Amino acid sequence: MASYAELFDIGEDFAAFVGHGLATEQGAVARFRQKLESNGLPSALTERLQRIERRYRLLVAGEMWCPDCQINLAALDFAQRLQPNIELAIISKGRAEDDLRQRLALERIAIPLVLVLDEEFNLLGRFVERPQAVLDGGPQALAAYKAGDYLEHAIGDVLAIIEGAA
Ligand SMILES: [Mg+2]
């Protein structure tokens, strides 16, 4: 069983992950990123992000062909660019199936799977596939989600995990 430190160490950074995508997938990521960058974050979110003083690691299982990865990882990368204390490293879906599924008591790996770790690699919580507001909204919210209307929420969900951990 690889440690979280070992898995984080072999994960790719976001730029390298995007760089292995098909051009169409790279374009999708660029545009979700531009949407978040032009629309900006709500001031309360910017505040929450500014309060992160300790280092946190996001161990992510994801793939560039997955729309849910394109969307939510564009958002989480934006957060790491605004707050260097947060760092993402990305491993494959297959690797999460081989080395995380049983450890996490998951039936299958739905991507992106985002494990929020502290500086000691303690597991603080998880973001799984889509933000809570999208899960809550159901089928009728998918359209707005697939269009990027819940990018800030991916960031908010991860921040709540960090904030909830005292
Ligand atoms: Mg690099």
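Residues 58 to 223 in our numbering are what the sequence shown spells out, letter by letter.
We put the CB at the ideal spot given by N, CA and C, even for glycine.
Which one or two residues does DSSP pair with residue i in a beta bridge?
| i | result |
| --- | --- |
| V171 | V117, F184 |
| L145 | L115 |
What are the boundary residues of the alpha helix (DSSP H) that residue i is part of?
| i | result |
| --- | --- |
| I218 | 208 to 221 |
| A204 | Premise fails: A204 is in no alpha helix (DSSP H) and is neither H nor E. |
| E164 | That residue, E164, is in no alpha helix (DSSP H); it is neither H nor E in DSSP. |
| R158 | Run containing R158: none; DSSP gives neither H nor E here. |
What distance in whole Å lies between the Cβ atoms of residue j and residue i, which are believed to be in contact at a cut-off of 8 angstroms?
| i | j | result |
| --- | --- | --- |
| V191 | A200 | At roughly 11 angstroms, the Cβ-Cβ gap does not stay under 8 angstroms, so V191 and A200 are not in contact. |
| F71 | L145 | 6 angstroms |
| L93 | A132 | 6 angstroms |
Taking 8 angstroms as the line, does the beta carbon of residue i fall inside it for any heavy atom of ligand 1?
| i | result |
| --- | --- |
| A146 | no |
| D66 | no |
| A72 | yes |
In the DSSP assignment, the beta strand (DSSP E) including residue i goes from what residue to what residue?
| i | result |
| --- | --- |
| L192 | That residue, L192, is in no beta strand (DSSP E); its alpha helix (DSSP H) goes 189 to 194. |
message: For a minimum of 4 consecutive residues, which ranges assigned as the alpha helix (DSSP H) are wholly contained in the segment 63 to 131?
response: 71 to 76, 80 to 96, 100 to 107
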